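Chemist: Dropping in the first section of the assembly, placed as in the complex:
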Amino acid sequence: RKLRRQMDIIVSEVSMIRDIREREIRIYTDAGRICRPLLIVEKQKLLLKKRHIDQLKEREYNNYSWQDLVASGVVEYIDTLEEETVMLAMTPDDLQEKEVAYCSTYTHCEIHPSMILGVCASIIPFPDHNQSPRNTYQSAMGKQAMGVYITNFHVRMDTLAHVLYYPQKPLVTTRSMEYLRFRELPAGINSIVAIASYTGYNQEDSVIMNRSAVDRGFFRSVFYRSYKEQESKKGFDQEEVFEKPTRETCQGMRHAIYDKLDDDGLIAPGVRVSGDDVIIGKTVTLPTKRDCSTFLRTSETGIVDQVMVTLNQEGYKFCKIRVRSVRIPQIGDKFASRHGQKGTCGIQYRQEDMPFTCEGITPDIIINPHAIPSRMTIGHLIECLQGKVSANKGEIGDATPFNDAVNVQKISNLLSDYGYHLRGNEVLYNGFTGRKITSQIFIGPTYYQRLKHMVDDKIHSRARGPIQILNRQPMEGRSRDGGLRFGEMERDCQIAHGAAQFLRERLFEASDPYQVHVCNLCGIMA
Amino acid sequence: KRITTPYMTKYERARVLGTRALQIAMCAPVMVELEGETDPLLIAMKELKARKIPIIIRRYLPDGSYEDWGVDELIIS
Amino acid sequence: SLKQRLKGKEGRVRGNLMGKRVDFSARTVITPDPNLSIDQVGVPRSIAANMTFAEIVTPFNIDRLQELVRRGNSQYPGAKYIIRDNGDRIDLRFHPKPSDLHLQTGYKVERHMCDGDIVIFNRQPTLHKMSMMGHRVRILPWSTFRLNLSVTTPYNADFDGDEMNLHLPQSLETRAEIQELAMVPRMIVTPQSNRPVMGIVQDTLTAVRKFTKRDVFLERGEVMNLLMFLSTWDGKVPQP
Amino acid sequence: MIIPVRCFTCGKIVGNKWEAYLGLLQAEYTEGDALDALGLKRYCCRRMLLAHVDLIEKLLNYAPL
Amino acid sequence: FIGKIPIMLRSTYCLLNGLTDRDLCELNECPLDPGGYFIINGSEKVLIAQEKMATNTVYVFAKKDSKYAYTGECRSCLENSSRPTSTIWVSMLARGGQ
Amino acid sequence: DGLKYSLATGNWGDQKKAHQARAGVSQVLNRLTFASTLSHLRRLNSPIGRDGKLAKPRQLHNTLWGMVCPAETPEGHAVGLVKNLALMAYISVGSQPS
């Protein structure tokens, strides 16, 4: 342990584990083991002194680094096997301190408990005030949020990308975010939310948004698609070529417009296009010619944002085309808190229709109260309260999980200092009548994230479209078109109903009506 | 002596209304005086309440035999 | 192999006889709407403009279906196809010829789905009779399906982001069948455990619990404004 | 990325104050004092300048093309 | 010349190694892009850390559905050699013998 | 072309040995948010294997304190199998015992 803390012969990832009960010492210097730093404790005292922290404060213009703390033997890496042989301290401020001693032999102390959290779970404010299934839900959903995923996205040409117009760093944030770089690349908006029942479009985990706020750019995002295509001279039988085709030169074609393209067989950027248009005029020579041009996915519209032309690995001229499409929040778009409160936009109301406080403040979002009691996302309520306090105080609040100095009592006192109800409940007036709403309403800013799922991305119908080639059933190709699985459970449900003719129509007439002539003496098809 | 129930099952109601509505949609004569109706479904329901549909139900008994029933003979519920 | 083509769910028997893709269907996300009766379902304009029903030409609807044929696919409501008795299919987006649009009894127009039509609303998975139920079409001017707040608990679907399916019947026979067997009012009482399958739900249930308290009192104007929404009201204000 | 033109909730103009907010921060004003100096009382508007990240500075580093 | 090896982005043999953020902006690379992945056919492919049982370590388990009451196994494998990892089991039989 | 193949499709092992060659190592990088990219960079996958059917790994074990996030896993049939590193976690790169 001395030599590892001095790094003389032993690099500080080699783990040494002494099992006394078996009289064994196992030493592991192989790869694949996982470790974490831990502060070292001796005589029930930290080896980390204030002069070390002073040296850390001047990191720039000093060249004092973490590797000095590793070199001085104050913090050492410990692996899960060696953790078995450790009596660990959670926090030095109470546990190593003299008391009615729970234990009097602490070898190591943790730097901070919050580091047990994950990279996408560390963004949860007050995660220790929520049911842990909600923490898993938020960890899953935060990866699905919309935001500025990378600074150089303008130069990149990815398959699918989403960019939020006006991101905001959360008003309530854990200190770990400062090292996520999520404070510098936020994903979501701090929005005034009022947890209250209303006309009835927020129920069952839905949300009612301010139409006026959306008209001011609230949660407006852009969705970038990118298409790509290469030409080639494969053998001599065929040669695909970028050029706009015509019916007079291509004797096989699809019915659509082709004047958007230029003489190079490509569309100029800045042209507003629908799903049925052509973006790459490209055709193959028959062994006149026939089209194999590239259309847009036939469920959307957009603007061809950027067209790049280059050569592939072989050297054939190939082009990528990034298509922009603005997405305004609409009914059905999915929004989530940092606590698993996922909900679809139930309806949009203008500002005057929405409720409002005595100061004229209207809520950006309204969510059902009944989302709270079963889920028990109390971190959501404390986040709303702390956001209100931070916004009135003009200072970004703290959301470290196990910070003992912060609790709802002190937050309530701070809120009461600013002439508000200490619990955040407010009198609100109905927008349709102006009457005071009888019960008071809890309201305040909360960080919400537009998840990447929109209704136009996932919606389609089927009206006798491009059937299969093997069974003549509807197929999933060129679009979400292709009908829906009329699965065996649906058949069984209709057997329970007894709707035999409806089942016949769905299974036979509406899928693949066919007929065959068969002999009346043998079953052989005529 | 038809041993089966004198009531119309909901499935029989569904089939007879659907078939008579399709018949009316195929320019069949209407055995009741309509009152400005255009939907065949409503006209078929009016005929059923009037008990004036010419269909005869044939209930196949499980032993291969069958019973025949006029719609007006059955109890419409 | 030949055996591999039939075994499992993805074989021909389980994958293409007992269940399959079907034309005349749509699927999308649901959102709450308390202003709809339980038997009514709100649908986007696009799906109804695309999805269609076959109406047989009769001397009663000849004028209405003639006007629908005149409108064509461009506007809503309209039509896609004229199917004469000969079987020829005149597509109503490519033939602006009045010789092709002349109608008579026996023809079948593929008119766009409109309000009051019948649909089967469904959700993966189906676990009981109420997992597929008949609803009445309602055109609403947005891009998601709607549902009354009470028909959620039979379908087990909340408005978190789960989607639901809609199957449009095509013939008048099966349309009457869904009207008289599978509509939501007929499916209120489940035969599973001889009880109602649906009831009153979150905000409505808490609100009625607070409403029927002994000490609730309402002014004249509040009572009159509430009596507006009672569809089955006789029209007589009771004595206070 | 850029500052919004208006507060989403109430609609007061905020696009003529982000640069002034930075300038008053360089005067070592407390952030609450800075927002009070710019006439932002309702916390709807204070949220805007307190929580906005101006990524446009990091985006102009690339070539103009 | 024997072949071409993919290079993890921002690794010690990547061109972006040790450059300043301004130089990355000259190359149109985000300074906050963490790298640590590969570019294959232009697509950004990233490796997921594969968990497996450790090697060279005796482990005593109980195969309840076996003729053995217990089993002491060891996945022995050389360091940087013999990728075939020879797994030995030495097991005490149960007393249900014939 | 071998390494390019094995990163191009996710199959890991010889191309003709794809019958039993374990796959699902190299994946398209999750580029939707910065946090999503980070979470995909640090992801660790446990294969099902023959050992998964003897001991149930889906449950969160106590030894994952401070090394793996207690609540971060895909909600589905992969609960527990796919995990992510704790923030201060660091994985041994290996050194010689000599």
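Modeler: The structure has been received and is ready for your questions. Residues are numbered from 1 along each chain as shown, chains lettered A, B, ... in the order given.

Chemist: The residue nearest to residue A:84 when sequence neighbours are not counted pairs with what?
Modeler: What sits nearest to residue A:84 in space, not counting adjacent residues and going by Cβ to Cβ, 6 or more residues apart in numbering or on different chains, is residue A:17, at 7.1 Å. In this view, the C-beta of every residue, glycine as well, is placed from N, C-alpha and C. When assigned by DSSP bridges, residue A:17 has beta-bridge partners residue A:26.

Chemist: if I pick residue A:17, what's in contact with it?
Modeler: Under the criterion of Cβ atoms under 8 Å, 6 or more residues apart in numbering or on different chains, the contact list for residue A:17 reads A:25, A:26, A:27, A:28, A:81, A:82, A:84, A:85.

Chemist: Could you do residue A:220 as well?
Modeler: Going by Cβ under 8 Å, 6+ apart, residue A:220 touches A:164, A:165, A:166, A:214, A:326, A:327, A:328, A:329.

Chemist: With residue A:352 instead?
Modeler: When the contact criterion is Cβ under 8 Å, 6+ apart, the partners of residue A:352 are residue A:431.

Chemist: Same question for residue A:306.
Modeler: Counting by Cβ under 8 Å, 6+ apart, residue A:306 touches A:157, A:269, A:321, A:322.

Chemist: now for chain G, put it on the one above:
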Amino acid sequence: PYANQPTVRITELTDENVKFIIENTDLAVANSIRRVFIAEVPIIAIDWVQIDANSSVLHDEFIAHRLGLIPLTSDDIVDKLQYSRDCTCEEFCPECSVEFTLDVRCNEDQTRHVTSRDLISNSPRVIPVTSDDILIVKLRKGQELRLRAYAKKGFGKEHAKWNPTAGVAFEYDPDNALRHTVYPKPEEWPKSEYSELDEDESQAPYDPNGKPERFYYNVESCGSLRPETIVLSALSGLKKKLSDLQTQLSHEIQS
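Modeler: Let me add chain G to what's already shown:
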């Protein structure tokens, strides 16, 4: 059987906002008045936008959206102006529209700020309200931005960019004498700026025969219109709506 006789008392008058009190009036009239404040006080906002050339880092519709939310001083011009869809013109004319032009060519390594100052109207009666000024977009060396826009008459109901008020504070019964709300613990609640309850009570005694009155307003303008102009145009527009409805009802009854 006739409407009340309202009395007005302007407590505070400023050029960005105004605060007043309406007494002897019904609740519904006050609610409709604030609804008209937000919804149906028309102003002029840049709506139509042609991009002659863009080279900024931000795509075009982002710039158009930003230009939409720029407020414009339309104190008197909005009255004589008319809705474009109502006026008879090819696309635009002074009777129903105002042309704007913008062109900034940054060829300087120092950062450039395309602000509201750079907007150039063809009539001085309408300008950006700031003319510090609103930032529209930052530009680098080598980036141009050239465009021509048109601003037209509209009101907040059609789109929030035509919303003239930056928030309308409303209040009535500050002492909760009517008990329209039920404080579970009235001791915890702050007093309004109009409440006369001293700091030993929390609610006035419950008046049974009371009625809503003494409606307090604080109308905050964005500066597109003066606040007194906003209130006057609000009342004028609501009167116009009711007179039109009376005309249609008379035609209906005569028919």
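
Chemist: mind redoing the contacts of residue A:352 now chain G's in there?
Modeler: Taking Cβ under 8 Å, 6+ apart as the criterion, residue A:352 is in contact with A:431, G:34, G:35, G:38, G:39.

Chemist: if you set the cut-off to 6 Å instead, what comes out?
Modeler: A:431, G:35, G:38, G:39 (Cβ atoms under 6 Å, 6 or more residues apart in numbering or on different chains).

Chemist: got a winner among those residues for most neighbours?
Modeler: When the contacts of residue A:352 are compared by neighbour count (other Cβ atoms under 10 Å in any protein chain shown), residue G:38 ends up highest, at 29 neighbours.

Chemist: quick one: which helix or strand includes it?
Modeler: Remark: residue G:38 resides in helix G:27-39, with elements defined by DSSP states H and E.

Chemist: same thing with residue A:37?
Modeler: Going by DSSP H and E, residue A:37 is in strand A:34-42.

Chemist: Okay, now the sheet partners of that strand, with direction.
Modeler: If you go by DSSP bridges, strand A:34-42 pairs up with strand A:45-46 (antiparallel), strand A:75-79 (antiparallel), strand A:108-109 (antiparallel), strand F:90-91 (antiparallel).

Chemist: What's the first helix or strand after the second one?
Modeler: On the C-terminal side of strand A:75-79, the closest following helix or strand by DSSP H and E is helix A:80-83.

Chemist: Mind listing the strands the next helix or strand after that next one pairs with, and their directions?
Modeler: Sequence order places strand A:88-89 as the next helix or strand after helix A:80-83, per DSSP H and E. When pairs are called by DSSP bridges, strand A:88-89 turns out to pair with strand A:108-109 (parallel).

Chemist: and then chain H:
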Amino acid sequence: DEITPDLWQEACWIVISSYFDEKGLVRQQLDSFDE
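Modeler: Adding chain H to what we have so far:
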């Protein structure tokens, strides 16, 4: 000399900031590939 309880609450996060300044968040992949 030793860190007081009031100062520890910021000293620990200064230590963590120094850690992430030194090593970063993708140390595992980079170090493994270099090795």
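
Chemist: and the contacts of residue A:352, now that chain H is in?
Modeler: Contacts were defined as Cβ under 6 Å, 6+ apart; by that measure residue A:352 touches A:431, G:35, G:38, G:39.

Chemist: what's stretch G:147-158 in contact with?
Modeler: In this structure, residues lying in contact with stretch G:147-158 by Cβ under 6 Å, 6+ apart are G:38-40, G:42, G:44-52, G:81, G:83-84, G:92, G:97-102, G:162-163.

Chemist: And the residues you listed, which of them are buried?
Modeler: Restricting the contacts of stretch G:147-158 to buried positions leaves G:38-40, G:42, G:44-49, G:51, G:81, G:84, G:92, G:97-100, G:102, G:162-163, with burial counted as 16 or more other Cβ atoms under 10 Å in any protein chain shown.

Chemist: roughly how far apart are the residue in chain B sticking out farthest from the centre and residue B:3?
Modeler: The outermost residue of chain B, judged by C-alpha distance from the chain's mean C-alpha position using Cα atoms, centre = their mean, is residue B:63 at 24.5 Å. Look at residue B:63 and residue B:3: by Cβ to Cβ, to the nearest Å, they are 11 Å apart.

Chemist: Close to chain E: what parts of chain A are there?
Modeler: Taking Cβ under 6 Å from any Cβ of the partner chain as the test, the list of chain A residues beside chain E reads A:150, A:151, A:152, A:155, A:181.

Chemist: re earlier: what sits up against the strand holding residue A:37?
Modeler: Identification of contacts with strand A:34-42 by Cβ under 6 Å, 6+ apart yields A:47-48, A:75-79, A:106-109, F:66-67, F:88-91.
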